[PDB]
Structures are given as C-alpha cells and as structure tokens.
Amino acid sequence: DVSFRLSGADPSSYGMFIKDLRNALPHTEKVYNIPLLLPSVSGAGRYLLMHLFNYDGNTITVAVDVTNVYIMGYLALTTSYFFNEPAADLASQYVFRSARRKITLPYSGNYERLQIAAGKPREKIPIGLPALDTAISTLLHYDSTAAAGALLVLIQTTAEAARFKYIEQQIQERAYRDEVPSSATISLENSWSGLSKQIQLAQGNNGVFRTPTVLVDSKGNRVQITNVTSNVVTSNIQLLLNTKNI
Ligand SMILES: *[C@@H]1O[C@H](CO)[C@@H](O)[C@H](O)[C@H]1NC(C)=O
Ligand SMILES: Nc1ncnc2[nH]cnc12
C-alpha cells in the first residue's frame with residue numbers, strides 16, 4: 001500500500017507519495033529506461049491500495065489496477081464505490097470485500113463520461129493539493145455529481161502524476177493554490193497510451209516511432225514526437241502501458 005496525507009503536505013511530501021506510487025507498480029522490463037507495466041496480473045495482486053487522508057485526517061482507500069494505473073473504485077468509511085464498467089466490477093470481487101454496502105457509480109471511469117457527469121471538462125476544473133483535499137472530502141459522502149468532479153481531480157493528481165513527471169511538477173506548483181491544468185498537461189493525459197505504444201514500437205525501429213504523437217508543449221505550441229530522443233521520452237513519461245493492453 002501507498003499513503004499520502006494532506007495535513008502538512010508540501011511539494012516534497014507529494015513528490016515522495018508519487019515516487020511510492022510508481023514504485024508500487026510491478027515491472028519485469030524497462031524499455032528505453034522506462035518501466036514497462038505488466039500485460040496482466042491475476043487475483044487480488046492486480047490492485048494497489050492508496051490510502052489518502054484529507055487535511056482533517058479523514059481517509060479514503062483507492063483501488064488502482066497496477067497494469068494500467070486505472071482507478072477502479074474506492075472505500076469511504078464502510079461503503080465501497082466502483083465505476084460502472086466491467087473492469088471495475090471485476091475489481092469489486094477482490095477489493096473492499098468487507099464494506100457494509102457497495103455502490104456502483106452511475107458512470108464509467110473514463111474522462112469522457114466523468115466530464116459529462118461533472119458538467120464540465122477537465123480544462124475548467126482546478127487541480128492541486130487543495131483540490132485533492134476537497135476531492136477526498138467529497139468522496140467521503142456519496143453525491144454522484146460532486147463525486148465526478150472529485151474523481152477527475154483525484155485521477156489527475158495521482159495516476160496522471162505517476163505517469164508523467166511534468167504532471168507531477170504541475171501539481172507541486174499547485175501545492176497551496178489550485179489552477180486548471182495547462183493544455184500541455186491535458187495533451188499528455190490524452191496521449192499516454194499512444195506514447196506507450198510508440199515507445200514500444202520504436203524498439204525494433206531504431207528508436208523511431210511508427211506513427212508520430214502530437215502534443216502541446218509548455219509554451220502552448222503543438223509539436224510532433226517522432227522518436228525516443230524527445231524530452232517527452234527521455235525526461236517525462238515514467239511508466240509504459242504494455243502494448244498487450246492497447
Ligand atoms: C528525433 O526528434 C528530434 C526532435 O525531438 C528531431 O529534431 C530529429 O530530427 C528526430 N530524429 C529522427 C531520426 O527522426
Ligand atoms: N479511472 C481512471 N484512472 C486512471 N486514469 C484515468 N484516465 C481516465 N480515467 C482514469
């Protein structure tokens with residue numbers, strides 16, 4: 001298990017949590033020096049539990065699939081909550097079995113459905129450590145519309161930060177003040193599977209992507225990533241989605 005406390009949190013303690021989260025994900029291989037997530041894991045071992053504590057010390061436990069860093073569900077006091085999708089239903093067979101009741105959220109866990117449920121796109125939802133404290137608090141008591149927004153915050157400040165050093169740094173910048181994600185952040189989120197695939201295909205293609213990945217950069221400009229010498233590959237992406245899962 002990995003844990004993060006908002007009470008006393010700073011960029012350093014958040015950095016430590018994101019390190020712990022990455023390190024909890026198993027791999028047997030690195031591709032271009034980046035850990036390659038496993039094709040599959042059987043049984044309860046598929047799921048990492050993240051213990052998150054709000055500023056007041058209240059807690060939720062979040063279930064994360066270690067193959068793809070996908071949040072499947074969470075436990076808040078004695079109630080479990082899972083996304084409305086087959087992978088989350090499967091997860092519910094292994095985690096939080098001792099919850100007094102299980103609620104299936106009225107949406108799946110992808111960004112398209114969550115943004116619909118929340119009534120707003122990610123571009124308009126501030127993220128940061130304060131927003132993560134809010135999100136934890138929101139999830140403690142069921143409210144499906146409020147929970148959609150909370151879950152967009154939770155996913156970007158945990159899973160997305162684990163996947164990309166740039167996103168981790170963005171959240172660190174937002175330790176004490178929320179701000180909507182940069183368009184580069186949005187771009188990276190949207191591109192992880194694509195990038196993961198191209199980095200793997202580059203092995204056997206002399207480091208060259210079979211298909212260029214289009215990203216938005218820090219200055220707001222749109223760029224093509226064509227090979228493993230890109231900063232996105234050398235100094236940003238931290239985990240690879242196995243092509244078996246693409
Ligand atoms: C690889 O990417 C860099 C930019 O990141 C580019 O300038 C260079 O020409 C590319 N090399 C090849 C072989 O595509
Ligand atoms: N539930 C989820 N967990 C991790 N990353 C995601 N990206 C979109 N939905 C996600």
# chains A, B, ... in the order shown; residues from 1 in each chain; ligands from 1
call {"tool": "select_by_dssp", "arguments": {"residues": "region 141-220 of chain A", "states": "strand (DSSP E)", "output": "JSON, numbers by chain"}}
result
{"A": [208, 209, 210, 211, 212, 213, 214, 215, 216]}
call {"tool": "write_last_selection", "arguments": {"atoms": "N, CA, C and O atoms", "output": "CSV table (one decimal), in the first residue's frame"}}
result
chain,number,residue,atom,x,y,z
A,208,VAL,N,12.7,5.0,-33.6
A,208,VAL,CA,11.8,5.8,-34.4
A,208,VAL,C,10.3,5.4,-34.2
A,208,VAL,O,10.0,4.2,-34.3
A,209,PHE,N,9.4,6.3,-33.9
A,209,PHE,CA,8.0,6.0,-33.8
A,209,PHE,C,7.5,5.5,-35.2
A,209,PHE,O,7.7,6.2,-36.2
A,210,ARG,N,6.7,4.5,-35.2
A,210,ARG,CA,6.0,4.1,-36.4
A,210,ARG,C,5.0,5.2,-36.8
A,210,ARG,O,4.8,5.5,-38.0
A,211,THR,N,4.3,5.8,-35.8
A,211,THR,CA,3.4,6.9,-36.0
A,211,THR,C,3.7,8.0,-35.0
A,211,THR,O,3.8,7.8,-33.8
A,212,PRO,N,3.9,9.3,-35.5
A,212,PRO,CA,4.2,10.4,-34.7
A,212,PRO,C,3.1,10.7,-33.7
A,212,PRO,O,1.9,10.6,-34.0
A,213,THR,N,3.5,11.1,-32.5
A,213,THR,CA,2.5,11.5,-31.5
A,213,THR,C,2.4,13.1,-31.4
A,213,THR,O,3.5,13.7,-31.3
A,214,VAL,N,1.2,13.6,-31.5
A,214,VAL,CA,1.1,15.1,-31.5
A,214,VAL,C,0.8,15.6,-30.0
A,214,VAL,O,-0.2,15.1,-29.5
A,215,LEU,N,1.6,16.5,-29.5
A,215,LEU,CA,1.5,17.0,-28.2
A,215,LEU,C,1.5,18.5,-28.2
A,215,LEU,O,2.1,19.2,-29.0
A,216,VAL,N,0.9,19.1,-27.1
A,216,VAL,CA,1.0,20.6,-26.8
A,216,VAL,C,2.2,20.8,-25.9
A,216,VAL,O,2.3,20.1,-24.8
call {"tool": "closest_atom_pairs", "arguments": {"of": "chain A", "to": "ligand 2", "cutoff": "6 Å", "atoms": "only C-alpha atoms and all ligand atoms", "output": "JSON lines"}}
result
{"residue": "A:69", "atom": "CA", "partner": "ligand 2", "partner_atom_place_in_ligand_line": "4 (C)", "distance": 5.5}
{"residue": "A:70", "atom": "CA", "partner": "ligand 2", "partner_atom_place_in_ligand_line": "3 (N)", "distance": 3.4}
{"residue": "A:71", "atom": "CA", "partner": "ligand 2", "partner_atom_place_in_ligand_line": "3 (N)", "distance": 3.8}
{"residue": "A:72", "atom": "CA", "partner": "ligand 2", "partner_atom_place_in_ligand_line": "1 (N)", "distance": 5.9}
{"residue": "A:109", "atom": "CA", "partner": "ligand 2", "partner_atom_place_in_ligand_line": "1 (N)", "distance": 4.3}
{"residue": "A:110", "atom": "CA", "partner": "ligand 2", "partner_atom_place_in_ligand_line": "9 (N)", "distance": 3.9}
{"residue": "A:111", "atom": "CA", "partner": "ligand 2", "partner_atom_place_in_ligand_line": "8 (C)", "distance": 4.7}
{"residue": "A:155", "atom": "CA", "partner": "ligand 2", "partner_atom_place_in_ligand_line": "4 (C)", "distance": 5.3}
{"residue": "A:159", "atom": "CA", "partner": "ligand 2", "partner_atom_place_in_ligand_line": "4 (C)", "distance": 5.2}
call {"tool": "write_last_selection", "arguments": {"atoms": "C-alpha atoms", "output": "PDB file, in the first residue's frame"}}
result
ATOM      1  CA  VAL A  69      -2.736   2.768 -13.238  1.00  0.00           C
ATOM      2  CA  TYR A  70      -6.524   2.926 -13.602  1.00  0.00           C
ATOM      3  CA  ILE A  71      -8.528   3.898 -10.564  1.00  0.00           C
ATOM      4  CA  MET A  72     -11.339   1.349 -10.294  1.00  0.00           C
ATOM      5  CA  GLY A 109     -14.266   5.886 -15.174  1.00  0.00           C
ATOM      6  CA  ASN A 110     -13.087   7.370 -18.423  1.00  0.00           C
ATOM      7  CA  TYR A 111     -12.652  11.085 -18.883  1.00  0.00           C
ATOM      8  CA  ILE A 155      -7.205  10.794 -11.188  1.00  0.00           C
ATOM      9  CA  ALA A 159      -2.433   8.367 -11.688  1.00  0.00           C
TER      10      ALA A 159
END
call {"tool": "residues_near_ligand", "arguments": {"ligand": "ligand 1", "cutoff": "6 Å", "atoms": "only C-alpha atoms and all ligand atoms", "output": "list in words"}}
result
residues 226, 227, 229 and 230 of chain A
call {"tool": "write_last_selection", "arguments": {"atoms": "N, CA, C and O atoms", "output": "PDB file, in the first residue's frame"}}
result
ATOM      1  N   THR A 226       8.477  12.122 -32.629  1.00  0.00           N
ATOM      2  CA  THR A 226       8.750  11.179 -33.709  1.00  0.00           C
ATOM      3  C   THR A 226       9.748  10.096 -33.317  1.00  0.00           C
ATOM      4  O   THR A 226       9.847   9.075 -33.999  1.00  0.00           O
ATOM      5  N   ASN A 227      10.461  10.300 -32.217  1.00  0.00           N
ATOM      6  CA  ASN A 227      11.482   9.343 -31.823  1.00  0.00           C
ATOM      7  C   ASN A 227      11.811   9.417 -30.331  1.00  0.00           C
ATOM      8  O   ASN A 227      11.397  10.376 -29.653  1.00  0.00           O
ATOM      9  N   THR A 229      14.420  10.178 -28.698  1.00  0.00           N
ATOM     10  CA  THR A 229      15.301  11.260 -28.223  1.00  0.00           C
ATOM     11  C   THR A 229      14.498  12.478 -27.749  1.00  0.00           C
ATOM     12  O   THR A 229      15.071  13.423 -27.234  1.00  0.00           O
ATOM     13  N   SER A 230      13.183  12.451 -27.944  1.00  0.00           N
ATOM     14  CA  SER A 230      12.341  13.524 -27.459  1.00  0.00           C
ATOM     15  C   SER A 230      12.405  13.648 -25.925  1.00  0.00           C
ATOM     16  O   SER A 230      12.476  12.651 -25.207  1.00  0.00           O
TER      17      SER A 230
END
call {"tool": "closest_atom_pairs", "arguments": {"of": "region 160-222 of chain A", "to": "region 14-26 of chain A", "cutoff": "10 Å", "atoms": "only C-alpha atoms", "output": "tab-separated table"}}
result
residue	atom	partner	partner_atom	distance
A:160	CA	A:18	CA	9.8
A:161	CA	A:18	CA	6.9
A:162	CA	A:18	CA	5.6
A:163	CA	A:22	CA	7.9
A:165	CA	A:18	CA	9.4
A:168	CA	A:15	CA	7.3
A:169	CA	A:15	CA	8.4
A:171	CA	A:14	CA	8.6
A:172	CA	A:14	CA	7.2
A:175	CA	A:14	CA	8.5
call {"tool": "select_by_dssp", "arguments": {"residues": "region 9-151 of chain A", "states": "helix (DSSP H, G or I)", "output": "VMD selection string"}}
result
chain A and resid 11 to 23 43 to 46 86 to 91 111 to 118 122 to 124 129 to 140 144 to 151
call {"tool": "write_last_selection", "arguments": {"atoms": "C-alpha atoms", "output": "PDB file, in the first residue's frame"}}
result
ATOM      1  CA  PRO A  11       5.881  19.653  -2.728  1.00  0.00           C
ATOM      2  CA  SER A  12       8.446  17.304  -1.190  1.00  0.00           C
ATOM      3  CA  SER A  13       5.959  15.023   0.608  1.00  0.00           C
ATOM      4  CA  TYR A  14       3.745  14.883  -2.511  1.00  0.00           C
ATOM      5  CA  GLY A  15       6.856  14.025  -4.560  1.00  0.00           C
ATOM      6  CA  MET A  16       7.537  11.188  -2.092  1.00  0.00           C
ATOM      7  CA  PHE A  17       3.975   9.841  -2.498  1.00  0.00           C
ATOM      8  CA  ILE A  18       4.187   9.890  -6.316  1.00  0.00           C
ATOM      9  CA  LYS A  19       7.559   8.089  -6.100  1.00  0.00           C
ATOM     10  CA  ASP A  20       5.978   5.432  -3.791  1.00  0.00           C
ATOM     11  CA  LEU A  21       3.047   5.073  -6.183  1.00  0.00           C
ATOM     12  CA  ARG A  22       5.303   4.467  -9.220  1.00  0.00           C
ATOM     13  CA  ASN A  23       7.456   2.067  -7.158  1.00  0.00           C
ATOM     14  CA  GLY A  43      -6.158 -12.151  -8.436  1.00  0.00           C
ATOM     15  CA  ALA A  44      -6.033  -9.531  -5.700  1.00  0.00           C
ATOM     16  CA  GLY A  45      -2.432  -8.734  -6.678  1.00  0.00           C
ATOM     17  CA  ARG A  46      -3.714  -6.708  -9.636  1.00  0.00           C
ATOM     18  CA  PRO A  86     -16.651  -4.461 -16.403  1.00  0.00           C
ATOM     19  CA  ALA A  87     -13.057  -3.907 -15.173  1.00  0.00           C
ATOM     20  CA  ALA A  88     -14.379  -2.191 -12.039  1.00  0.00           C
ATOM     21  CA  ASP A  89     -16.960  -4.886 -11.446  1.00  0.00           C
ATOM     22  CA  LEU A  90     -14.123  -7.448 -11.614  1.00  0.00           C
ATOM     23  CA  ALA A  91     -12.081  -5.349  -9.180  1.00  0.00           C
ATOM     24  CA  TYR A 111     -12.652  11.085 -18.883  1.00  0.00           C
ATOM     25  CA  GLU A 112     -15.453  11.437 -21.428  1.00  0.00           C
ATOM     26  CA  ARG A 113     -18.127  10.017 -19.072  1.00  0.00           C
ATOM     27  CA  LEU A 114     -16.769  11.680 -15.953  1.00  0.00           C
ATOM     28  CA  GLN A 115     -16.768  15.125 -17.607  1.00  0.00           C
ATOM     29  CA  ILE A 116     -20.376  14.561 -18.700  1.00  0.00           C
ATOM     30  CA  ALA A 117     -21.386  13.568 -15.096  1.00  0.00           C
ATOM     31  CA  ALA A 118     -19.468  16.530 -13.628  1.00  0.00           C
ATOM     32  CA  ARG A 122     -11.034  18.969 -17.291  1.00  0.00           C
ATOM     33  CA  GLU A 123      -9.913  22.245 -18.823  1.00  0.00           C
ATOM     34  CA  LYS A 124     -12.223  24.069 -16.411  1.00  0.00           C
ATOM     35  CA  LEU A 129      -3.215  19.742  -3.424  1.00  0.00           C
ATOM     36  CA  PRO A 130      -6.095  21.893  -2.059  1.00  0.00           C
ATOM     37  CA  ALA A 131      -8.363  20.410  -4.727  1.00  0.00           C
ATOM     38  CA  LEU A 132      -7.218  16.909  -3.778  1.00  0.00           C
ATOM     39  CA  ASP A 133      -8.140  17.630  -0.123  1.00  0.00           C
ATOM     40  CA  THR A 134     -11.594  18.734  -1.360  1.00  0.00           C
ATOM     41  CA  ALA A 135     -11.928  15.669  -3.546  1.00  0.00           C
ATOM     42  CA  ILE A 136     -11.203  13.332  -0.605  1.00  0.00           C
ATOM     43  CA  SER A 137     -13.782  15.171   1.486  1.00  0.00           C
ATOM     44  CA  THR A 138     -16.359  14.952  -1.303  1.00  0.00           C
ATOM     45  CA  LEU A 139     -15.898  11.234  -1.793  1.00  0.00           C
ATOM     46  CA  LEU A 140     -16.475  10.587   1.924  1.00  0.00           C
ATOM     47  CA  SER A 144     -22.655  11.252  -7.710  1.00  0.00           C
ATOM     48  CA  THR A 145     -22.423  14.632  -9.465  1.00  0.00           C
ATOM     49  CA  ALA A 146     -19.936  16.061  -6.894  1.00  0.00           C
ATOM     50  CA  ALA A 147     -18.026  12.764  -6.984  1.00  0.00           C
ATOM     51  CA  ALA A 148     -17.455  13.003 -10.782  1.00  0.00           C
ATOM     52  CA  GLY A 149     -15.530  16.253 -10.357  1.00  0.00           C
ATOM     53  CA  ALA A 150     -13.731  14.923  -7.278  1.00  0.00           C
ATOM     54  CA  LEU A 151     -12.738  11.859  -9.293  1.00  0.00           C
TER      55      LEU A 151
END
call {"tool": "closest_residue", "arguments": {"among": "A:78, A:93, A:84, A:236", "to": "residue 105 (chain A)", "atoms": "only C-alpha atoms"}}
result
A:84
call {"tool": "residues_around", "arguments": {"residues": "region 184-200 of chain A", "least_positions_apart": "3", "cutoff": "6 Å", "atoms": "only C-alpha atoms", "output": "CSV table (one decimal) with C-alpha atoms, in the first residue's frame"}}
result
chain,number,residue,atom,x,y,z
A,181,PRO,CA,-4.4,22.0,-15.8
A,203,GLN,CA,12.3,-1.0,-30.1
A,209,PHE,CA,8.0,6.0,-33.8
A,215,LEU,CA,1.5,17.0,-28.2
A,216,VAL,CA,1.0,20.6,-26.8
A,217,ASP,CA,4.2,22.0,-25.2
A,218,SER,CA,4.8,24.2,-22.2
A,240,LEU,CA,4.6,2.4,-20.1
A,241,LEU,CA,1.2,0.9,-20.8
A,243,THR,CA,1.0,-2.8,-25.8
call {"tool": "closest_residue", "arguments": {"among": "A:80, A:220, A:68, A:61", "to": "residue 101 (chain A)", "atoms": "only C-alpha atoms"}}
result
A:80
call {"tool": "residues_around", "arguments": {"residues": "residue 60 (chain A)", "least_positions_apart": "4", "cutoff": "6 Å", "atoms": "only C-alpha atoms", "output": "list in words"}}
result
residues 52, 75 and 76 of chain A
call {"tool": "write_last_selection", "arguments": {"atoms": "N, CA and C atoms", "output": "mmCIF file, in the first residue's frame"}}
result
data_model
loop_
_atom_site.group_PDB
_atom_site.id
_atom_site.type_symbol
_atom_site.label_atom_id
_atom_site.label_comp_id
_atom_site.auth_asym_id
_atom_site.auth_seq_id
_atom_site.Cartn_x
_atom_site.Cartn_y
_atom_site.Cartn_z
ATOM 1 N N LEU A 52 -5.472 7.671 1.136
ATOM 2 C CA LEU A 52 -5.399 9.147 1.112
ATOM 3 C C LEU A 52 -6.104 9.757 2.302
ATOM 4 N N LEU A 75 -12.957 3.063 -1.190
ATOM 5 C CA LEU A 75 -13.688 2.795 0.028
ATOM 6 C C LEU A 75 -13.703 4.047 0.906
ATOM 7 N N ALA A 76 -14.891 4.404 1.382
ATOM 8 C CA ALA A 76 -15.059 5.589 2.238
ATOM 9 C C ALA A 76 -15.922 5.155 3.401
#
call {"tool": "closest_residue", "arguments": {"among": "A:37, A:62, A:245, A:10", "to": "residue 128 (chain A)", "atoms": "only C-alpha atoms"}}
result
A:10
call {"tool": "atom_distance", "arguments": {"atom1": "CA of residue 36 (chain A)", "atom2": "CA of residue 239 (chain A)"}}
result
6.2 Å
call {"tool": "decode", "arguments": {"residues": "region 71-87 of chain A", "atoms": "N, CA, C and O atoms", "output": "PDB file, in the first residue's frame"}}
result
ATOM      1  N   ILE A  71      -7.770   3.939 -11.800  1.00  0.00           N
ATOM      2  CA  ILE A  71      -8.528   3.898 -10.564  1.00  0.00           C
ATOM      3  C   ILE A  71      -9.830   3.187 -10.856  1.00  0.00           C
ATOM      4  O   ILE A  71     -10.521   3.564 -11.803  1.00  0.00           O
ATOM      5  N   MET A  72     -10.148   2.173 -10.061  1.00  0.00           N
ATOM      6  CA  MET A  72     -11.339   1.349 -10.294  1.00  0.00           C
ATOM      7  C   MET A  72     -12.490   1.674  -9.331  1.00  0.00           C
ATOM      8  O   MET A  72     -13.659   1.470  -9.660  1.00  0.00           O
ATOM      9  N   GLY A  73     -12.144   2.105  -8.125  1.00  0.00           N
ATOM     10  CA  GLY A  73     -13.135   2.278  -7.057  1.00  0.00           C
ATOM     11  C   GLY A  73     -12.425   2.727  -5.820  1.00  0.00           C
ATOM     12  O   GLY A  73     -11.221   2.935  -5.844  1.00  0.00           O
ATOM     13  N   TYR A  74     -13.168   2.929  -4.746  1.00  0.00           N
ATOM     14  CA  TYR A  74     -12.575   3.432  -3.526  1.00  0.00           C
ATOM     15  C   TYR A  74     -13.504   3.041  -2.389  1.00  0.00           C
ATOM     16  O   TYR A  74     -14.683   2.750  -2.604  1.00  0.00           O
ATOM     17  N   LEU A  75     -12.957   3.063  -1.190  1.00  0.00           N
ATOM     18  CA  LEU A  75     -13.688   2.795   0.028  1.00  0.00           C
ATOM     19  C   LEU A  75     -13.703   4.047   0.906  1.00  0.00           C
ATOM     20  O   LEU A  75     -12.641   4.642   1.199  1.00  0.00           O
ATOM     21  N   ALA A  76     -14.891   4.404   1.382  1.00  0.00           N
ATOM     22  CA  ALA A  76     -15.059   5.589   2.238  1.00  0.00           C
ATOM     23  C   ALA A  76     -15.922   5.155   3.401  1.00  0.00           C
ATOM     24  O   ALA A  76     -17.095   4.836   3.200  1.00  0.00           O
ATOM     25  N   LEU A  77     -15.310   5.123   4.592  1.00  0.00           N
ATOM     26  CA  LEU A  77     -15.874   4.518   5.824  1.00  0.00           C
ATOM     27  C   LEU A  77     -16.270   3.030   5.632  1.00  0.00           C
ATOM     28  O   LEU A  77     -15.392   2.157   5.500  1.00  0.00           O
ATOM     29  N   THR A  78     -17.559   2.717   5.584  1.00  0.00           N
ATOM     30  CA  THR A  78     -17.939   1.314   5.382  1.00  0.00           C
ATOM     31  C   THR A  78     -18.571   1.062   4.012  1.00  0.00           C
ATOM     32  O   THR A  78     -19.144  -0.008   3.762  1.00  0.00           O
ATOM     33  N   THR A  79     -18.465   2.035   3.104  1.00  0.00           N
ATOM     34  CA  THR A  79     -19.107   1.904   1.805  1.00  0.00           C
ATOM     35  C   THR A  79     -18.075   1.898   0.694  1.00  0.00           C
ATOM     36  O   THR A  79     -17.204   2.781   0.667  1.00  0.00           O
ATOM     37  N   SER A  80     -18.179   0.925  -0.209  1.00  0.00           N
ATOM     38  CA  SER A  80     -17.305   0.864  -1.389  1.00  0.00           C
ATOM     39  C   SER A  80     -18.035   1.478  -2.569  1.00  0.00           C
ATOM     40  O   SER A  80     -19.261   1.423  -2.645  1.00  0.00           O
ATOM     41  N   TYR A  81     -17.288   2.034  -3.519  1.00  0.00           N
ATOM     42  CA  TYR A  81     -17.855   2.670  -4.704  1.00  0.00           C
ATOM     43  C   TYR A  81     -17.023   2.202  -5.894  1.00  0.00           C
ATOM     44  O   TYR A  81     -15.772   2.283  -5.832  1.00  0.00           O
ATOM     45  N   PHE A  82     -17.666   1.799  -6.978  1.00  0.00           N
ATOM     46  CA  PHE A  82     -16.938   1.347  -8.160  1.00  0.00           C
ATOM     47  C   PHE A  82     -17.524   1.982  -9.370  1.00  0.00           C
ATOM     48  O   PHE A  82     -18.741   2.209  -9.439  1.00  0.00           O
ATOM     49  N   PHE A  83     -16.675   2.243 -10.351  1.00  0.00           N
ATOM     50  CA  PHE A  83     -17.169   2.680 -11.645  1.00  0.00           C
ATOM     51  C   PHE A  83     -18.082   1.657 -12.296  1.00  0.00           C
ATOM     52  O   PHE A  83     -17.962   0.463 -12.039  1.00  0.00           O
ATOM     53  N   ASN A  84     -18.964   2.142 -13.164  1.00  0.00           N
ATOM     54  CA  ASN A  84     -19.925   1.273 -13.867  1.00  0.00           C
ATOM     55  C   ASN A  84     -19.300   0.778 -15.183  1.00  0.00           C
ATOM     56  O   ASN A  84     -19.532   1.321 -16.259  1.00  0.00           O
ATOM     57  N   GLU A  85     -18.448  -0.226 -15.044  1.00  0.00           N
ATOM     58  CA  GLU A  85     -17.696  -0.792 -16.173  1.00  0.00           C
ATOM     59  C   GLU A  85     -17.189  -2.176 -15.750  1.00  0.00           C
ATOM     60  O   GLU A  85     -16.916  -2.441 -14.577  1.00  0.00           O
ATOM     61  N   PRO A  86     -17.041  -3.081 -16.721  1.00  0.00           N
ATOM     62  CA  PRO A  86     -16.651  -4.461 -16.403  1.00  0.00           C
ATOM     63  C   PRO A  86     -15.350  -4.614 -15.588  1.00  0.00           C
ATOM     64  O   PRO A  86     -15.298  -5.423 -14.649  1.00  0.00           O
ATOM     65  N   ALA A  87     -14.315  -3.850 -15.924  1.00  0.00           N
ATOM     66  CA  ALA A  87     -13.057  -3.907 -15.173  1.00  0.00           C
ATOM     67  C   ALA A  87     -13.237  -3.545 -13.702  1.00  0.00           C
ATOM     68  O   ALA A  87     -12.623  -4.170 -12.829  1.00  0.00           O
TER      69      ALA A  87
END
